[PDB]
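Read the single chain below, which is given as structure tokens and is the form deposited in one PDB entry.
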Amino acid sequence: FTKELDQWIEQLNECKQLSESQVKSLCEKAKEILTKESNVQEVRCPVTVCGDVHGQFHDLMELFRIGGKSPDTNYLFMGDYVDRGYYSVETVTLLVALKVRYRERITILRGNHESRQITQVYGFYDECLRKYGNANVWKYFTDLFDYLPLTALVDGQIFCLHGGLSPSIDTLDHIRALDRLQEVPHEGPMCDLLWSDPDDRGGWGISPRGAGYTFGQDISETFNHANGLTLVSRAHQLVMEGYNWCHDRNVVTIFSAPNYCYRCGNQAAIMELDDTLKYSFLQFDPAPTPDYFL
């Protein structure tokens, strides 16, 4: 089975999907591994933190050319593995295959995209349909997304998650207490961690995004100090540079999808944390129906 996995990886590296049957097995074992994982998954450095990838398979290959190959380089992904229906299948299937092959070598968190809600509507479900004929593969991945850990903690100091902070969570134990094994709710603590944004007006604000909360620097500083944290690292927001500091370096945003949706022109970035938790940022470029609105 270890060598079947190597075969699947080799294949996905050539952008060639696995069979419906194979996806099913992959997801079965992935559930089994991720069950043992915590809502606040303990990660030990050196790791490379990665933000949104958005089903952009080729730019993920680019990511690996920058940071290095798995399992040699340890990676921590902060969600949004799927987006539009072009190469989202290969992108997610690869990252899952890596996790199944190498439990200790990568961590894959849940993003707001890893949900039945968004996947049905953005493209992933359509891709599964065009590439498999049925949509069982959409079901095998969305059932799996329920098992992704929500947050991660690098050496008890650097806190990682897709979105941001919640008015319903003060401590890491609050996150640990949650039942994460479900479809992302529209309301409450779990939603917020996947949907919230850092913000330039102190305190809490109603999220213009539809779900979650905008949160200010005063909240970041409070949250970090109470949990003994030095940094909150998160994704979720497109940043033209790939990465961005805000809230006086209490928060960093890491967006890992270059030229998002093939039109934005943004850079991507990953954050390398060395053997002693020294940060360095690496920026990269991309790799080289009614028609009536009146």
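Heads up: residue numbers just count along the shown sequence, starting at 1. Heads up, when I say rigid core I mean the largest set of C-alphas that superpose within 1.5 Å between the two forms.
Visitor: Name the stretch that deviates more in 4 other deposited structures of this protein: 97-105, or 80-88? Use RMS CA distance to the shown form, core superposed.
Guide: If we average over structures and residues in 4 other deposited structures of this protein, the farther stretch is 80-88.
Visitor: Can you count, per the entry, how many deposited residues between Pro288 and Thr289 come without coordinates? Answer none, 1 to 3, 4 to 9, or 10 or more.
Guide: The entry has 10 or more unmodelled residues between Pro288 and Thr289.
Visitor: Quick check on the deposited entry: does the C-alpha B-factor of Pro258 sit in the lowest, middle or highest third of its chain?
Guide: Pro258: CA B-factor falls in the middle third of its chain.
Visitor: Lowest, middle or highest third: where is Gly242 by Cα B-factor in its chain?
Guide: Its C-alpha B-factor belongs to the middle third of this chain's values.
Visitor: Against its chain's modelled residues, does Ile9's Cα B factor rank lowest, middle or highest third?
Guide: For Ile9, whose C-alpha B-factor we compare with every modelled residue in the chain, the answer is the highest third.
Visitor: Looking at the entry's B-factor column for C-alpha atoms only, identify whether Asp59 ranks in the lowest, middle or highest third of its chain.
Guide: Tercile = middle for this residue's CA B-factor.
Visitor: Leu26's Cα B-factor: lowest, middle or highest third of the chain?
Guide: Tercile = middle for this residue's CA B-factor.
The next section is about a form of this same protein that is not shown, the form solved in complex with a partner chain.
Visitor: Taking heavy atoms and a 4.5 Å cut-off, does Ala177 contact its partner chain in the deposited bound form?
Guide: Output for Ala177 is no: heavy atoms all beyond 4.5 Å of its partner chain.
Visitor: I'd like to know if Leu129 sits close to its partner chain in the deposited bound form, meaning any non-hydrogen atom pair within 4.5 angstroms.
Guide: Yes, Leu129 lies within 4.5 Å of its partner chain in the deposited bound form.
Visitor: Contact between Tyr140 and its partner chain in the deposited bound form at 4.5 Å, heavy atoms?
Guide: No, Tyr140 stays farther than 4.5 Å from its partner chain in the deposited bound form.
Visitor: Even though the partner isn't displayed, in the deposited bound form is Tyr125 close enough to its partner chain, meaning a heavy atom within 4.5 Å?
Guide: It does: once its partner chain is placed as it appears in the deposited bound form, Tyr125 has a heavy atom within 4.5 Å of it.
Visitor: Quick one: in the deposited bound form, does every one of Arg116, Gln120 and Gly133 get a heavy atom within 4.5 Å of its partner chain?
Guide: Yes, the whole candidate spot contacts its partner chain.
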